[PDB]
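Heads up, the chain below is alone and in the form deposited in one PDB entry; it's given as C-alpha cells.
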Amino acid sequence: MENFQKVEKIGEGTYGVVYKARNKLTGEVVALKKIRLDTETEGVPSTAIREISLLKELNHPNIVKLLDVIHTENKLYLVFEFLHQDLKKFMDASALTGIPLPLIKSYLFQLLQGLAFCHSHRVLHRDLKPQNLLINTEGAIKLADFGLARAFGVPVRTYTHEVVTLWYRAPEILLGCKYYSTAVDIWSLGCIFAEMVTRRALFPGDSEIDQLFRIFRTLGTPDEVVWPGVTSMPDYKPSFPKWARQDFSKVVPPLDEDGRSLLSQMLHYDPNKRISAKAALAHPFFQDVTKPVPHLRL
C-alpha cells in the first residue's frame, strides 16, 4: 500500500470506501476500494470473495478492470482502473440538453458487449443500474460493481438480500421466481436505454406492488398466452388489474422504428423469450453505431 498516494474520496460502500489514488512509482491513476476485515467474526466478506474471483476472469474493454488485490492483516484493498464518472450523474448532467441519440446507441452497444462477455463466461451481473456504469471522456462505457455478481455454471437462486434497486428489477423477480437468469440483466439494460432516451426513469415504483403495477400499466398485464406460467408464480394475484400494452411510440417518443423493436425485445415478459445481449448486438438498430465522445462536465 506504500506506493499509493490517496488523491480524494470518490465514494462509500456497505463494506468499503473508494478513493481515487495515484501510483507513486508509475504514476498510474487508480481507484482503491478498501475493506477493513473482520479478522475475528467474518474474515473476507462474501461480496469481496465473489467480486475478486469473478472480476479477475473478466478482462474486456467494456468491463472495469481489477488491477490488483492487496490482501493483508485486517485490511483488503481492491485496485481498479479509474473512470471519470457514472451514467447517473452524466444523465442528470444531461437533463435539458439530453444525451445525443448516437451517443445513446454507442452506450447501449458497448454495454451489450460487456454483458454478452459476462454472460458467456457464466457470470451474472445482477445489479445493473446507471450508477454502476462508468464512462470516460473518450466515449467508453464499462460495467462496474460486481458486488452482487454470481457465476451460473449451476443455477443461481433468488435471495431477498441480494437484488437490484427496484426501478431496474425484472418482473420475474417481482413475481417471486426461484432462479435468476441472464434475462434479468437484459431487463435492467432495457430500462436504462429507455431512461437515456426519455430523461425519465421507465418504471419508477414506490414498492414491489407499485413497481409491478407500473410495468403492467405500460407493457400490459401478463397473461398465460404471453408468459406461459405467470398465473402460477409465487406472487402473482388473480386480483391484479388487467391493463393493456401501450404504444412504444408513446412510451419512447424519440426512438425510431428500429430502436423501438430492440426495446420491446429487451422488455419481453417471458424471460426465456427476452432477447440476449449476444443477439441484441445483431439488431439492425446498431447497423450504423459510432463512437461519439460525451461532454463530461468534470
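Here the rigid core means the biggest group of C-alpha atoms that line up within 1.5 Å when the two forms are laid on top of each other. Residues that one form lacks are left out of the comparison. Residue positions are given as counts along the sequence shown, with the first one as 1.
There is also a form deposited in another entry; it is not shown, and the following applies to it.
Open item on the list: With the core superposed, a Cα shift of 2 Å or more between this form and the one not shown singles out one residue among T39, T231, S264, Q246. Which one is it?
Closed with: Spelled out, the residue whose C-alpha shifts by 2 Å or more is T39.
Task: Is_shifted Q287 between this form and the one not shown (CA, 2 Å cut-off, rigid core) - done: No: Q287 shifts by under 2 Å between this form and the one not shown.
Task: Displaced residue check between this form and the one not shown: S207, CA, 2 Å or over, core reference - done: It does not, since the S207 C-alpha is displaced less than 2 Å between this form and the one not shown after the core fit.
Task: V156 C-alpha shift between this form and the one not shown of 2 Å or more, rigid core reference - done: Comparing the forms between this form and the one not shown, which are aligned on their rigid core, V156 does shift its C-alpha by 2 Å or more.
Open item on the list: Please check whether, in that other deposited form, the CA atoms of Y236 and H161 lie closer or farther apart than here, given a change of 3 Å or more.
Closed with: Here the pair is farther apart than in that other deposited form; there, closer.
- [ ] Since the Cα separation of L37 and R157 moves by 3 Å or more in that other deposited form, tell me which way: closer or farther than here.
- [x] Farther is correct, given that in that other deposited form the C-alpha spacing of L37 to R157 is increased by at least 3 Å.
Task: Displacement runs between this form and the one not shown, C-alpha, 2 Å or more, three or more consecutive residues, core aligned - done: Core-superposed, the runs shifting 2 Å or more come out as 12 to 15, 38 to 40, 153 to 162.
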